[PDB]
Structures are given as C-alpha cells and as structure tokens.
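This document opens with one chain alone, in structure tokens, the form deposited in one PDB entry.
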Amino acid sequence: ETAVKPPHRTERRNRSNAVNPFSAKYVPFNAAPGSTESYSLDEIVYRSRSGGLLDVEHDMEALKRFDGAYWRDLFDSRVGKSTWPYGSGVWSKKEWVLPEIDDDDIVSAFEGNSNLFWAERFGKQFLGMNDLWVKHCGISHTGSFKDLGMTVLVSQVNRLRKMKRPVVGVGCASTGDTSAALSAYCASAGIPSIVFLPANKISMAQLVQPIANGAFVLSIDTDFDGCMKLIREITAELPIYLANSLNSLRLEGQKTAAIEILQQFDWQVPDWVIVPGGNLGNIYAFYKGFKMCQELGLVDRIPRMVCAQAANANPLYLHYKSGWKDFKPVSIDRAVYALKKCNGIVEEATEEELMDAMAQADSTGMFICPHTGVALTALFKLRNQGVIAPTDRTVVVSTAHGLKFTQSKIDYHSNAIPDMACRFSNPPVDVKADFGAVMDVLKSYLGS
C-alpha cells in the first residue's frame, strides 16, 4: 500500500556527481586588488595576518556556470520542502552558503522562511505608504535573526567535530541573542556550549535560554577584562571555538534573509530595506545577500538601504552626514563599505523617539522590538526629507521577537520611564461597578 517511508530514517545538489563544483574560503575583508591570502573554513581562524576581519568568499566563477534563471528556479523548487536539508530558509540556498558540508553534518531547526508581513495600516495612517513590509526575523526558534548565523556556524563546527578534528566544544561570552541561538543549536547536536561570564553579569532572566538549553555557564569572580583573560587562556589550552561577534561564518547564514526577501517578492527588488543594527554586520550581511543575487544575475539591481541607528551609539552617523571624508578602515568598516556600494543612508532615533514609534507600530497590531522602533523612526524621518516616496516598496528588518521586550512596553504604557513623555501610552481605565458609568466610559471612547 501507501509506503509513507521505510521504518527508520535520518535523511538534488546543483552539481557534477562525485565532484562538487562549489567551494568557499576565508579571505580578508575587502582585500587588495591582487592578493592571495586565504584560509580553509576547516581552519579555526578569527583574524587575518594584520589582525583584520575575515570574510567568507565563494568561488564566483563556479556559481556563474549556471545562469540567473537556473538559480531562481532551483531555489524556488525547494519552497515548501520537508526534506533534511531543503526545509531551512538557509540550507535551501546551501550552494551559496557552505557548499561543501555534507548534509549529515548540518545542524538545522528549520530557520528562515521568515514571516514577510505587510504593514498596511501602519504605512497608511502614519507614513502615507502603501507598500511597507516588515520582515519578521524575530519570529524564529530562538526569538531572533541570530538563528540564521548559528545554523551555519554550528554546522561548520559539527563538521570539524565529526572529522575527528579537535573541537571539544564552543565557547561564548555573551548574555544576549547570540548566546541564546548558539546554545540552542549546539544542544540540538549534542555539542557542549560554554558561556563565560563575570559573576556580576549573571541574571537568570537574561540567561534563561542557554541555561534551559544545557549550557555550562561559568559565573566567574572578576570583571570583564579578567574574564576575557581566562577565555583567551582557556581556548588556547583547549580546542573550544569561541563564537565571537566578528565571526564571518555567521554572515553566510544572515545573508539568506536578503535572498529570501527577494524570493518572497517573486524576485523583485525593493526600493528600500531598513536595517536596524546595534550590530554592524547585520547590514553588511544583507548587502552581501543582495549583491550575490545580482552578481549571479537572479536580479538586475540591489536595493538602496538604511542603517538605522540609536542615538549616539557609534560614530557611523557622524560619518555619513559628512560623506565619509573623515573615515578610516563595533565594526563600522563593513557597514561603511556596504553603504558606499549601495548608495545607502544612515539615520537616527532618539531613546524617546523609538519608544513612540514602537507604541505607534504596536497600536497598529504589531508587537515589535526597540530596534524596529529605530527603523521606523528612520523611516518617518527619511519620509519627511522626500528621500523615500509614498509608493516605494520598503522593507524594515525586525531582528528579535517582541516577547523579548515586554518589560520595556510595560514601563512605557504605565508612564514609568524617566526623561520620556510616553505620550502614546494606553493604560487600563478605572471605572465604578455601575452600569451607567460603564456605558459612559464606553460611549465616549467609541463615539457619536
């Protein structure tokens, strides 16, 4: 009869058999015109001879043997898939991510294929826009965009681990989303995850995910400097890979959110993509994904972008208003490089201004993170300057689920935040247990 599958399972590559044409390597970020320096992804590598960032470079020549149409159709034939690799919004674009990993080593939770919402009501009643979308990277297994990166990173690591290569585990020194996504993926695969922290930076609340995921969290008696000293001293005496902010392998998974944005728009290029970004790699990552789609010819243009920044966070904005003539190569260089290439813009949000944009977006039905506030603030501003027209297809990237920011909204709505009006707050309304009284609170609210 209807053979569903063979009793036992565990689990189509765009390439010549018994000989995979694609490959990638580590190269220095935006290296010289004629440079040879490289590293295998199999090497545990963090900087480049000069102490500079690394960037994963894919063999563009291999990929190009196959035309634009080839790749749109290949990627499109994997939408809706339930198979070991293809499910993931990252692995479905494996060839352009980690072309050489065996599917047996991938560590996926089916990240990607992220909600691309249409802010009909917010666009209209607030910006006069009819084609504003929000890309919910936060609606994932972890609560953030960081799952795109960790899937790749943990895959690469699981690969080195299974090759009898030496990697006993993964280390980290973060109390946020990276630590959460990193501990998650590692746990699914059975790879130890170690978090290193000064004891004065422990918060059961902030570490709920790694703790829940089985991470070995060290609460160390020293400050951050002394904690970094140990990490460095440990990793050098134990093959433990540190997942660092600067890791370029995470960028290979994050770049898929851009490809996906194009995919979801049935390969049409948006006029503007706003990337929030306390973390400067997020925007380069998007740029890399949009650039790659174009290099390979899946589309003809790359979208203009916005690096929306929180007030006084970094000097990125100061640099932009003065056409970067005071710039010199938090990793700004990748942001700058990326904004140059796409003729981008950088814009700001005050602390009060992001909370208000959040209340406005939230009143429209969304339940967003501070960074989307910054993004939307950037948008409300760029709109007044006539830089973003009303009919302009704009996508705002949301990197973390709103459920991670409740305490922020609570404080706001109950007018409990210092230095801020909290003008759009909606606290509950007090009323006597009297019929008529209640009919009044109601009659007005609503109207007549």
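Don't overthink the numbering: it's just position in the shown sequence, from 1. Rigid core (definition): largest C-alpha set, two forms, superposition within 1.5 Å.
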- Gap size between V330 and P329, counted in deposited residues that the entry leaves unmodelled: 10 or more
- Message: According to the entry, how many residues of the deposited sequence fall between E11 and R12 and are not modelled? Options: none, 1 to 3, 4 to 9, 10 or more.
- Response: 4 to 9
- Task: Return whichever of 336-344 and 94-102 has the greater mean Cα B factor according to the PDB record.
- Result: 336-344
- Task: Identify the stretch, either 2-10 or 439-447, whose C-alpha atoms have the larger mean B-factor according to the entry.
- Result: 2-10
- Task: From the list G214, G278, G87, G149, select the residue with the highest C-alpha B factor recorded in the entry.
- Result: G278
- Message: Highest recorded C-alpha temperature factor, please, choosing from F286, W324, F224, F75.
- Response: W324
- Item | Cα B factor band for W133 (lowest, middle or highest third within the chain) | middle
- Query: Taking the entry's C-alpha B-factors for this chain, is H413 in the lowest, middle or highest third?
  - Reply: lowest
- Message: Using the temperature factors of the C-alpha atoms in this entry, rank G68 within its chain: lowest, middle or highest third.
- Response: lowest
- Query: In terms of the CA temperature factor given in the entry, to which third of its chain does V27 belong: lowest, middle or highest?
  - Reply: lowest
- Item | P370 - which third its CA temperature factor falls in, relative to the rest of the chain | highest
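What follows is about the form deposited in another entry, which we do not show.
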- Once you align the rigid core, which of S40, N415, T406, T391 turns out to move its Cα at least 2 Å between the shown form and the other one? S40
- Shown form as baseline, in the other form, CA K340-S38 shift of 3 Å or more puts them farther
